[PDB]
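Listed below are the residues making up each chain.
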Number of protein chains: 2
Amino acid sequence: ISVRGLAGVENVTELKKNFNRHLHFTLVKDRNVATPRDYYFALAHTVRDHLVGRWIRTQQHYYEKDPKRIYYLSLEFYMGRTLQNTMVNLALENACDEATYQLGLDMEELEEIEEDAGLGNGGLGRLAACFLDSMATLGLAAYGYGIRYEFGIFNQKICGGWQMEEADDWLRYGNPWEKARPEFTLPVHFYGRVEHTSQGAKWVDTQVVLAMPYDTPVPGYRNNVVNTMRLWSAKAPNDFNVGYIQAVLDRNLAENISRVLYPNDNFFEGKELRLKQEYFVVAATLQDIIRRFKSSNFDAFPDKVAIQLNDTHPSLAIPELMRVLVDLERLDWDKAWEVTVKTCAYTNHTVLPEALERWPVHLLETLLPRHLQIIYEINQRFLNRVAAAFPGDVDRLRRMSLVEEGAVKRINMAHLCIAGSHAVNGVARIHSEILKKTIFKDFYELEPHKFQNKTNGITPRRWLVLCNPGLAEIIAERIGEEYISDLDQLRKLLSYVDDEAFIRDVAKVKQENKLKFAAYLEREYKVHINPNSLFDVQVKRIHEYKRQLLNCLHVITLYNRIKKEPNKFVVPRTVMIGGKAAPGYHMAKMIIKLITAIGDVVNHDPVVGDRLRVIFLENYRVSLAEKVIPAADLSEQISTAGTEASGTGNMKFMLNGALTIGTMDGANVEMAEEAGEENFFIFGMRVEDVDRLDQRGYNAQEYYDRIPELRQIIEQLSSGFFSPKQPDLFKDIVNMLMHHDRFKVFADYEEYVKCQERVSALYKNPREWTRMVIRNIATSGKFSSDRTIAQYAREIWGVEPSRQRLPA
Amino acid sequence: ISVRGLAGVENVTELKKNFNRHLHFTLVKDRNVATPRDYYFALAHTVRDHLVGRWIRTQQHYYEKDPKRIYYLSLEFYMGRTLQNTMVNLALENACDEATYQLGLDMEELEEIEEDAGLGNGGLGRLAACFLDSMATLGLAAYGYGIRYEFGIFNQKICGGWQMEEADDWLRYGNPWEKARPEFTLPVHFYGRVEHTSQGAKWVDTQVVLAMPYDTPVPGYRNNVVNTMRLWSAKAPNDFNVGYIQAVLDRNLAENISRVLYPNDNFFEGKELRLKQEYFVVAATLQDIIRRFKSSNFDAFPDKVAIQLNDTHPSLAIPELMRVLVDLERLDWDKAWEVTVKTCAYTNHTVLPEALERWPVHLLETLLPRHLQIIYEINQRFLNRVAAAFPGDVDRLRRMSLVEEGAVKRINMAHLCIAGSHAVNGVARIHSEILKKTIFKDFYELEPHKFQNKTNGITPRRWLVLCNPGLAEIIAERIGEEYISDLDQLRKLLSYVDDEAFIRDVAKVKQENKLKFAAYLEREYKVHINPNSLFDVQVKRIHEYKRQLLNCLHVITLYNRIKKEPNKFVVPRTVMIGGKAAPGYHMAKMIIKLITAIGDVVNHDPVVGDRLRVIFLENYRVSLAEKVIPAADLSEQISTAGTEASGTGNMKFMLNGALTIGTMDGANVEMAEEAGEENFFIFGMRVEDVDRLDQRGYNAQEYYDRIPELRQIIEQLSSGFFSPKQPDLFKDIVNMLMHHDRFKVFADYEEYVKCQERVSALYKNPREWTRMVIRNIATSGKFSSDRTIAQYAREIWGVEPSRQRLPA
Ligand SMILES: CN(C)c1ccc(/C=C(\C#N)C(=O)N[C@@H]2O[C@H](CO)[C@@H](O)[C@H](O)[C@H]2O)cc1
Ligand SMILES: CN(C)c1ccc(/C=C(\C#N)C(=O)N[C@@H]2O[C@H](CO)[C@@H](O)[C@H](O)[C@H]2O)cc1
């Protein structure tokens, strides 16, 4: 495979030498005692050595040229594995493959030993990871700042069809990629009280937690640029017998701040420990930013600094920057505010109101008393501007306030972000339009210039070259390698839609990926599947808005049709659903149980045979995405219109040769626009249709009464067909669908089933299926995160990207 | 300095190269950003690389030859710093000095950056460390097993003359010497219950904590032997929203087992967490031992395994070995017991009854229910043997029982150790004799063959070559280098007691050490001392039995004599006292405050001038011992006769050219025997005198009434002379001395003061002082830990030591 790079004689020799050096001196093993894990670590240390010179030279280069620096603040970085990604971006993959082969080792076996860095929940966390790759590839002086969670997203086990959570102890064996920087440790303050002096406000009597940074290299694609991801770890300050012992053990309370990722991406809870995490990353990060700024007045700060807020989770950056500039640097309020607004920009990732951060005032008053005072002052000055622009509009003042009245007074962190940012963006054209028309309509009317769109993207390094080398190679054969850092070049593939050789090659790559994935399932999970079946895949977090339940209704429809006419031909399918449920989300846990319960019936019915299989993919995570997405024929993107801000899984499937069945939601709209609606399986209500249904009121009973196939399914669920031992098991699911369904599952059922029949019809014609796939891959170029980051750079940050290489 | 080794052209070149390699690839720094700490780490990694080949080859050698293995079980390993010790034992010191000098670095400055590994309290912990060095130097297949405490002995700060404790965060910057072995992790069981089956007892429903080993290399002196110290770290097993988050945070409870060293070396407390630490090290260690034994029936176990118990702290080894052999390996009781007794040996380190471990039965019943059943069965069978040997002696049965009756039933762990061991030793001849005559008299009468002496020793690598290279060199000039691994060769120095050159050289080395230490005091602590004064040093943990208070009475006597006759000549003295008090020990904390309070008066009295200085040495630890002991003229070893089991500080001072003022206690007896009583300042009651005084009753008032100089001091203390602001501050000290003094401070006062006058008289004659010093250094050979370990090897473990080198 040419895209995997050169295996030079001298290169392979030096890699074998450095591998043996690390096995002996670093791991303190010989080849007699060494396990596969030791071999993985020797390889990881060998590859890491190639980053170091480029890492030092890149940071030296930024010190000398002093470019504007981009600070990407996120509570989540969903990085996955690093070894293969590093080899790809340094052009070392073939050399390491050869070197390990010559030492009697299978490199693909060693790659499987690495733990995922699971420091995120899903889309928001994975976007941050794709963005770091694109910022390095585009030569931006960019730093990712976050928390080094000791425990990432939980490992999912399925026991009796139920999700169980296990701690993700990802640092158990060590992390060869990070470098502890205990020398750059910074203090973070909590609690205390404000006293007003002659000189101004002073925040006193605080408790201190130390923020210790760990730096991870972020290599650009073959440009010798290595940027930094700096993650903060919480450390206690060093300040009778049981009393002395207990004081040492109580250090754990401070260190708990960085212990564990909150897994509730569905529902904001308002936990004190989460607020501590948010302030911890903000306070440590801003001291680091200001230190770097002063090391080569504050008028130039926005010319040298951009802070990008990944949702409201780091929104305390706005009042913390005001606190430092006013209280410590003694800038006047108006000058500090000008600097803050020009520095900060905010990205929104959902319109669902239960996910929005609204912190109780009493929590902020106790933990961050000076921040609450600054937020009140921001609010008063903001509402003074609203009053002057819309005189007499007293309801607008209530609606736009950063302070929400009620039983419990709360701060709306989204309102704070809009007030304190020069740019607010959604993550797909339809989402950005919904922000301006609905939830932020009042803010758009006051400051229309702030509101932007930045359609999401995915890195084609991880999401094509790394996970699908077969497809990357047959593309490179025709159009060369330049497309890997310029994905718009895939448009050249439209010239090959009638090329019999290319059609055969695209279909062969998919067949190989499906055999490989079918094998993985048998080996690791003792599961057998028909690799000639259509691979129908829905992988994403379990949320009612994502409508895994609509997919379930289709699966039961196909099962019932087969039982009714057993001797009729149907296109064989393997229906695969995977994703984690948030631990407290009862309905999400019941939906996983329904999927496994359907599998229990369908997969053991002798009349069905190998015509229908339903598999729940356990422990969906970045490493499993890299295996299943290249194997997929059909991508399920079936959110209720107006609920999925963008989606990024959708883009991964498009790039890897799956066709999409989807609603006109999030980026699906732009994907259909790029490929042509004739090359997408689009069904269901548009946003306008959902609004009209809400106006007259959604009555699920009407659909149950009018669609006999739907009635039969509800009767089967209610009566215990899928839970014979426990017949009322799914009553909560039935009750939600019939009486309390916010996401209108029944309203899209008929169009979905009809559209799935059209998928089955096209799959019976392999040549026409593959030609439609080529039209999708060829038009996936817009969905490169390189395009997304170039737009952030030019339209928000005010910096020019570069594909110019640094010297090696 | 020849003893520091060769600086070969090729060696210096390769060290400079590997230093620069580690600075770049390991630390990810260049010489522009590097701090002294980075340079320390580059040097440590460079030196560690030289250990690795020898470490792998040593363990391979033990696998091939399959010698009997020695397992030294200790809750404490007081290791201090590793860098200089490693360079000394590999003969790299001059090469590294040259290499660092050529790179523009001062190696002595880099050595000062290393944290002490403070994993012990004092004598018992430091003995374990000296023993590991001697076992490696004598080519024994020896393993030290302990706990990797996250926090060692607290850092001592003195604030307003009071001890404050700070957490010893010794792993803050990382530990380059250890290698995590997460692959050899073992389970340890707690709580649960015993059920009796047809097959026998089963310990079920337990909570599991994981024991993760970290291995540290232990290099022998220039023999290419590198042994292992394996320390266990506690890890939690991987088994709504607040509930999930709280379950992850509760992992801290399991991990608290290895968090912190108990600092109470004075008084046994009976804390559950301490019992968990003791079982944790025993259970993990014994599984490791049995695994290694089975990897090349149990009849051969005592031929292949020796377990040495460092006091009773790992005594649960006895019932744990019985539990594994009976419950898991299904050996009959009598065979298991035979194997256990032949495997285990016990070392006692004190006769003070408050330090003896007596665990409440209710704690053992809850935590270790199967161990309690095995202890009851051991007790019944042991008391059956006592009854058959001494028929009708019902009081002997009560006295010898492992079970102590009372309000709270307790297990006497010393009784368990004697019953379950083939050898019991004290740590100095007088101590071993006291064990047989008093506290273990009944056990000696039943099994006299078990009772041995092993007089303690110190390693001459750390305690001469490393800390006093000047003295090591002038010795090597005369008698060569062989004495460093054969300390009896120092006897050859008796030939030089009348050699004017050697007298001048010994006196010059002491003067240089005193100037160096006087400089350290000014630099680090802004303290000025007269370097021509007699350096009068008492450094050791603060305990009433050690009688720092008797030293205080002498200091006040000298001060009062000077105030009475200001214009009379007295030999100038710097009186230095240092050591940590256990956090709950109120009297020990008051004694530190008295020493600083005396300093406050004496050091600011213009009439005294530079004739008397009283300094409290803050944060006494192994690194400070290495600085102050070479600087000392007079070693204070003034414990009440019968209380100090051995002492080892005494031996360090003797080897480094200080004269000793001491009681006939512990090893002081053997030191005076070796050197001649005419070359020791021996004073005070012998053990026989203490016994006679106890028989008629100690009345402190009698001494107060008869000694006017003593009355004056007590009046000064009581009246507030040393605490003008708070005149009753020392009332508790006065009340203890007058009414409740277990250690008879007043009874030795007159003889102590008279003996101190004889010290002052000899110090006025430099030539005769130095000749007496030469007679001490020349006869210090017996106090090498190489001699001690050779005796353990031949008389307890049944293995022959070897000075034979392994190939490099
Ligand atoms: C702990 N807490 C209260 C949390 C709240 C929210 C979240 C995460 C999301 C939200 N909202 C998220 O991942 N949104 C997705 O962002 C993708 C990238 O822009 C879109 O492609 C996708 O459409 C969004 O759903 C995580 C934690
Ligand atoms: C937590 N706990 C209850 C503890 C109890 C005791 C100890 C330590 C000692 C005792 N006993 C000790 O260090 N004893 C010394 O052993 C030296 C070497 O043999 C002798 O030279 C010296 O004379 C002993 O005092 C530590 C912890």
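Residues numbered from 1 in each chain as written, not as in the entry; some residues may be left out. Chains lettered and ligands numbered in written order. Heavy atoms only, no water.

As stated in the entry header, the method of structure determination is X-ray crystallography and the reported resolution is 1.800 Å.

Going by the annotation in the PDB entry, the name recorded for chain A is Glycogen phosphorylase, muscle form, with Oryctolagus cuniculus given as the source organism. The UniProt entry for chain A carries the following comment under Function: "Allosteric enzyme that catalyzes the rate-limiting step in glycogen catabolism, the phosphorolytic cleavage of glycogen to produce glucose-1-phosphate, and plays a central role in maintaining cellular and organismal glucose homeostasis." Its UniProt record gives chain A the following Catalytic activity comment, quoted word for word: "[(1->4)-alpha-D-glucosyl](n) + phosphate = [(1->4)-alpha-D-glucosyl](n-1) + alpha-D-glucose 1-phosphate". (UniProt positions renumbered as here; feature names shortened; annotations may be inferred.)

### Digging into the overall build of chain A
Counting its regular elements, chain A contains 33 helices and 25 strands. Radius of gyration (C-alpha) of chain A: 27 Å, near the 28 Å computed for a compact globule of 808 residues. If one aligns the C-alpha atoms of chain A with their principal axes, the spans along those axes are about 90 × 75 × 65 Å. Out of the 808 residues in chain A, the part that is buried amounts to 66%. Carbon and sulfur atoms form 50% of the exposed surface of chain A, whose accessible area is close to 29,800 Å². (Helix = DSSP H or I, 4+ residues; strand = E, 2+ residues; numbered from the N terminus. Rg over C-alpha atoms; globule rule 2.2 N^0.38 Å. Buried < 20%, exposed > 50% of the residue type's maximum accessible area, 1.4 Å probe, protein only. Areas by Shrake-Rupley, 256 points an atom, 1.4 Å probe, with all protein chains shown as cover.)

### Observations concerning the sheet that holds strand β20 (residues 534–539) of chain A
Residue and element names in this part refer to chain A. Read across the sheet, six strands follow the order β22-β21-β20-β23-β24-β25 without closing on themselves; strand pairing throughout is parallel. With one partner strand each, in any of the chains shown, β22 (612–617) and β25 (681–682) form the two edges of the open sheet. Judged from the six bridges that link them, β20 and strand β21 (residues 573–578) form a sheet pairing that is parallel. Each bridged residue has a counterpart across the sheet, and for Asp536 the counterpart in β21 is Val575. Of the strands in this sheet, β20, β21, β22 and β23 (634–637) touch helix α22 (residues 548–564), which is tilted by about 155 degrees from β21. Against the sheet, helix α23 (residues 586–602) makes contact with β21 and β22, and its axis sits at roughly 145 degrees relative to β22, the strand it touches most. (Pairing = 2+ DSSP bridges. Contact = heavy atoms within 4.5 Å. Axes fitted to C-alpha atoms, helices over the stretch in contact; angles between N-to-C directions.)

### Observations concerning the site of ligand 2
Residue and element names in this part refer to chain B. Taken together, 18 residues lie around ligand 2, and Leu124, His349, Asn456, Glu644 and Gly647 are the ones closest in. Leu124 places a main-chain nitrogen or oxygen 3.0 Å from an oxygen atom of ligand 2. Side-chain polar atom of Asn456 to an oxygen atom of ligand 2: 2.8 Å apart, as the coordinates give it. Relative to its free-state accessible area of 600 Å², ligand 2 is covered by the protein chains to the extent of 94%. (Near = heavy atom within 4 Å. Polar contact = N/O pair within 3.5 Å; in protein donor to acceptor, adjacent residues only side chain to side chain.)

### A few points about the environment of B:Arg787
Residues and elements named next belong to chain B. Its place among the elements puts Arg787 in helix α33 (residues 785–797). Given the relative accessible area of 17%, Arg787 is considered buried. Considering only alpha carbons, one finds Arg787 and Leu487, 300 residues apart in sequence, at a separation of 8.7 Å. Dropping the residues within four chain positions of it, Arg787 is found in contact with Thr455, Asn456 and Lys782. A distance of 2.8 Å separates a polar side-chain atom of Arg787 from the backbone oxygen of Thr455.

### Brief notes about the pattern of salt bridges
All names here are of chain A. Per the counting criterion, the structure on display carries 148 salt bridges over all chains. Among the ionic pairs, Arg771 bridges to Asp498, the shortest N-O distance being 2.8 Å. Here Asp498 lies in the loop between α20 (469–479) and α21 (500–525) and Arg771 lies in helix α32 (residues 766–778), a separation of 273 residues in the sequence. Connected through salt bridges with shared partners, the residues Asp393, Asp395, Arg396, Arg398, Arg399, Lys441, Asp442 and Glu445 form a single ionic network. (Salt bridge = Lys/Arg side-chain N within 4 Å of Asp/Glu carboxyl O.)

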